[PDB]
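Please treat every number below as a calculation from the coordinates, not as lab data. Positions of Cβ are backbone-derived with ideal geometry, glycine not excepted, and every protein chain shown enters the neighbour counts.
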Amino acid sequence: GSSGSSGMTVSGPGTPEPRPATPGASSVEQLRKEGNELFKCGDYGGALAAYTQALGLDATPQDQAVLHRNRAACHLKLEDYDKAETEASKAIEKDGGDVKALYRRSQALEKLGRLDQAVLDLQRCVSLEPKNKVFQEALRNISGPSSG
């Protein structure tokens, strides 16, 4: 047995939307907060759980991505680089300009043994944010000395 999905044949930037203010509402729009809230506290095991539910709902295509890149963050902390890497990609394919998943993806790769790649992803982070130095450095951090 197996499952899947294909399409992404839609084009559009997106649009914001309001949200209710009350506990219990397990709506990706609201519940989502639960994830970050747990992250800013350190609780990784939980933070992820929240992000999971959110993705397991009828959320917008612009929000589904933000969650993907978020899932990785949790993994990385939970010695889940292997997965973290993949997750990131899912958030990169959705849009493409998500440097967030990129900066995180590299971190995972470096552990997997794929350096060259870690650099490629970063190189992109510099484009999106021509000011964010964190990238200009993170690159040389894994690029190390030149050989050959």
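At a glance:
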quantity	calculated
Helices (runs of 4 or more DSSP H) fully within region 82-148 counting 1 or more residues that are touching a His at 6+ places or on another chain (Cβ under 9 Å)	99-112
Residues of region 69-82 that turn out to be surrounded by 23 or more Cβ atoms within 10 Å (Cβ to Cβ), touching a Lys or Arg at 6+ places or on another chain (Cβ under 9 Å) and touching a residue at least 24 places away in the same chain (Cβ under 8 Å), as a count	4
Qualifying residue in region 67-79 (condition: assigned to a helix (DSSP H, G or I) and over 29 Å from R19 (Cβ atoms))	no
So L31, is it of a type in the set (A, V, I, L, M) and not in a loop (DSSP other than H, G, I, E, B)	yes
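Here is a yes/no grid of residues against (1) closer than 23 Å to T86 by Cβ; (2) among the hydroxyl-bearing types (S, T, Y); (3) surrounded by fewer than 14 Cβ atoms within 10 Å (Cβ to Cβ):
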residue: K100; (1), (2), (3): yes, no, no
residue: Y103; (1), (2), (3): yes, yes, no
residue: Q107; (1), (2), (3): yes, no, no
residue: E110; (1), (2), (3): yes, no, no
residue: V119; (1), (2), (3): yes, no, no
residue: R124; (1), (2), (3): yes, no, no
residue: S127; (1), (2), (3): yes, yes, yes
residue: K131; (1), (2), (3): no, no, yes
residue: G144; (1), (2), (3): no, no, yes
